[PDB]
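Following: one structure in structure tokens, then a few remarks.
Reconstructed Cβ throughout: ideal geometry from the backbone, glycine too, with neighbour counts over all protein chains shown. What follows is calculated from the coordinates using simple rules that are stated; it is not laboratory data.
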């Protein structure tokens, strides 16, 4: 009810889930939710019916995956600590190491569960075939990541990978290929994409893992804000009860804008957060009627990489997490209060 | 005992800052308020209280935090007040400041019981047009002006204060308090603290106003470190991974694309030190070390108190750093440890 709040629509999430289900059946591949992108666990009950588990990159994520999602739990991390590696292992079905040194340091601890290594086919992952051959005895699979704007690109990226590591991929029995692939987008060639995954899986005799983050949750969630103030300094301005630094940090980090629908009308306003930063700007949009204090605005496609990195910048009110249920009913899962804010600080 | 990462607030170094602040307050008669947007680690407010005059805030939660845990004078500011909040803001604040005439006109009635101020823009933040201001002088009492930024030079501050008199001098004389904001690094070693106090005196004397300073960074400068461990070593440059992330823990470094600080930054092993994140740009900096870095080695990022703790997050689910204090003793007291349940509870 009270702005700001993230709103996840179960129906829109459903549509994506049904699209993942088809890809899984058509492709033979398994789809794991990338928790680094989306970890709002109160909707896992829905998502788990359609996916194969989760993929994580920290202790907290692998634990959340095991306790709230279940099914297959993969564990990755750029680097594990000695202090945490046992608990990571206890939660994971598979563990993937970023490097050989890491592999060598922890493989003994990860006895009992399938172990993997990340390969780099161009930072992260090994590249040196001859070097990797020496540890083949210790691992079961690979994570190979390189993201896909179109499908043509993916196909090429996949080829580039055979040429690099085909010989190695042949001697193992699973591979995960990461995310970046928009195979839940309306006009994506799902059939050809699946065919291609079967070709790779038959050739090498491996189980393919997909790690959709964005594709799991595109166009399912909105950020609902209220207009607090309106003004003219070169352009029509509107300030809303939100801040891109606190609530949509990727906009700021990557100097991107938000989405509003429809983006039509005669009045364009540039939309800003409740703070005084140069950058604090959702973007510039069009509306049919003039903006007034009290008006409601929805930023679209706000589920990925946002709630997972919201913060208390300036002590601005943190947006509640809410769900629209399949029947149209809207319920609040989580309100953040003064207490939350105070406890984050000491 | 304590594991990395953690932010370590050095009690003795923080106090050094606090004493230089007091000295200014004493010499100048100006008052100093901690800017909560920079630093709001309230477990050390008891230490800062006796050297400062209050807090300034830019949100409901900040004004409440300053009133409830800091005490003394609380100032409220916002770019845009919410109607469902204003009344609560007013009840915590001693002074309230509005960004624009319209905000003031809008909220005048609700703020009637306390001193009201208006932000002035010397250069969408503050009013610049004297005539429009003048029409609303029967409703305020004070001005806020915050131009300085990383201002580490007294000469430059001196000129900025000069251009302030020329644009608004006539109006300033007529009110009874002014806040000169923050961004002024008067707690730096070698700053002409007494010249600066004397310049504060003269402005306050000429205009018959009480001066407020809003030091954020200057309260907390060089007081705090972020302690980390190396977890893996790699040869791509030489690379070392630490148990932290600039995105989650020192987000200003990512936002502004700056690098962290190490001591001494010397020796002939040059390392890129990177965070535990997946992200490409999760890099603290290229540093010099005297000896080859090994898994287990401890690294301290310097000057990590400002704009760090207030904006930390759970990106990647990486472990959030504990909050700790180095006491006089030299012992480390753990104030707050973030656990799985904090992470889980932030997501649903």
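Just counting partner chain Cβ atoms within 10 Å, what average do the residues of peptide A:242-249 show around their Cβ? Numbers along the way, then the final one.
Values: counts 0, 2, 0, 3, 2, 0, 0, 7.
Per-residue shielding by partner chains comes out at 2.
With N residues in the stretch A:64-168, what two-decimal value do you get for its Cα radius of gyration over 2.2 N^0.38 Å? Walk me through the numbers before you get to the answer.
Values: Rg = 14.7 Å, N = 105, 2.2 N^0.38 = 12.9 Å.
Normalised Rg, Cα atoms only: 1.14.
Could you estimate the translational diffusion coefficient of chain A from the Stokes-Einstein equation, with Rh from the Kirkwood formula over C-alpha pairs, at 4 °C and 1.567 mPa s, in whole µm²/s? Walk me through the numbers on the way to the answer.
Working: Rh = 21.9 Å.
It comes out at roughly 59 µm²/s.
So for A:40, B:233, fewest C-beta neighbours within 10 Å to most, what's the order?
Values: A:40 22, B:233 19.
Arranged by neighbour count, lowest to highest, A:40, B:233 become B:233, A:40.
In deg cm²/dmol and to the nearest 500, what is the mean residue ellipticity at 222 nm of chain B if only DSSP H runs of at least 4 residues count, each as -39500 (n - 2.57), divided by the residue total? Before the final figure, lay out the partial values.
Working: 12 runs with 105 residues, N = 348.
Dividing the helical sum by the residues of chain B leaves -8500 deg cm²/dmol.
Could you sort the peptides B:90-97, B:106-113, B:1-8, A:221-228 by per-residue average Cβ neighbour count (10 Å cutoff), highest mean leading? The partial results should precede the final answer.
Values: B:90-97: 20.5, B:106-113: 15.1, B:1-8: 18.2, A:221-228: 23.5.
Ranking the peptides B:90-97, B:106-113, B:1-8, A:221-228 by packing returns A:221-228, B:90-97, B:1-8, B:106-113.
I'd like the mean, over residues of A:78-90, of how many other protein chain beta carbons sit within 10 Å of each residue's own Cβ.
Working: counts 13, 13, 5, 10, 4, 5, 4, 0, 0, 1, 0, 0, 0.
Per residue, the number of nearby Cβ atoms from other chains is 4 on average.
Averaged across the residues of A:291-299, what count of C-beta atoms belonging to other chains lies within 10 Å of each residue's C-beta? Could you put the intermediate results ahead of the total?
Details: counts 0, 0, 5, 1, 0, 0, 0, 0, 0.
So the per-residue partner count for this stretch is 1.
When only Cα pairs under 8 Å and 6 or more residues apart are kept, what is the percent relative contact order across the stretch A:188-271?
On the way: 45 pairs, mean separation 16.5, N = 84.
20 percent.
How large is the convex hull of the C-alpha atoms of the stretch B:230-341 per residue, in Å³? Before the final figure, lay out the partial values.
On the way: hull volume 14.0 nm³, N = 112.
Normalising the Cα hull of the stretch B:230-341 by residue number yields 125 Å³.
If you take the beta carbon distance between residue A:267 and residue A:1 as r and set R0 to 30 Å, what does 1/(1 + (r/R0)^6) give as a FRET efficiency, to the nearest 0.05?
On the way: r = 27 Å, r/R0 = 0.91.
Between residue A:267 and residue A:1 the formula returns 0.65.
Determine the equivalent ellipsoid of the stretch B:161-220 by diagonalising the alpha-carbon gyration tensor, then write out the semi-axes as square roots of 5 times the eigenvalues, largest first, rounded to whole Å.
On the way: eigenvalues 100, 30, 20 Å².
Its equivalent ellipsoid spans semi-axes of 22, 12, 10 Å.
Computed FRET efficiency, Cβ-Cβ of residue A:277 and residue A:343, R0 30 Å: what is it to the nearest 0.05?
Details: r = 25 Å, r/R0 = 0.85.
My answer for the efficiency is 0.75.
So, in nm, how far is label residue A:160 from label residue B:331 when the simple model puts each one 7 Å beyond its Cα toward the Cβ?
The answer from the label model is 5.7 nm.
Rg and Dmax of the stretch A:192-269, Cα atoms, in Å?
My reading of the Cα-based Rg and Dmax gives 20.8, 63 Å.
What's the long-distance tail for the stretch A:96-150, i.e. % of Cα pairs beyond 19 Å?
Numbers: 375 of 1485 pairs.
Tail of P(r) above 19 Å: 25 percent of Cα pairs.
Any idea how far the Cα center of the stretch B:56-80 sits from the one of the stretch B:278-323, in Å?
The stretch B:56-80 and the stretch B:278-323 have Cα centres separated by 30 Å.
Would you please state which residues of the stretch B:141-165 a label at residue B:195 would reach in this model, taking the label point 7 Å out along Cα→Cβ and a backbone N cut-off of under 14 Å?
Counting backbone N atoms under 14 Å from the label point, the list is B:152-160.
What distance in nm lies between label points placed 7 Å from Cα along the C-beta direction at residue B:47 and residue B:167?
3.7
Using only the Cα atoms, work out Rg/Rh for the stretch B:276-348, with Rh taken as the Kirkwood radius, to two decimals. Could you put the intermediate results ahead of the total?
On the way: Rg = 15.2 Å, Rh = 15.3 Å.
That ratio is 0.99, to two decimals.
Once you put a point 7 Å from the Cα of residue A:300 and another 7 Å from the Cα of residue B:129, both along the Cβ direction, what distance in nm separates them?
Taking the simple label geometry, residue A:300 and residue B:129 are separated by 3.6 nm.
If N is the number of residues in the stretch A:17-133, what value comes out of its Cα radius of gyration divided by 2.2 N^0.38 Å?
Details: Rg = 15.0 Å, N = 117, 2.2 N^0.38 = 13.4 Å.
The value comes to 1.12.
Which order do peptides B:11-18, B:254-261, B:26-33 fall in by mean Cβ count within 10 Å, highest first? The partial results should precede the final answer.
Working: B:11-18: 17.9, B:254-261: 15.9, B:26-33: 19.5.
By packing density, highest mean first, the sequence is B:26-33, B:11-18, B:254-261.
How big, on average over all directions, is the shadow cast by the Cα convex hull of the protein assembly as shown, in nm²? Could the numbers behind the result be given before it?
Details: hull surface 125.4 nm².
Hull-based average projected area comes out at 31.4 nm².
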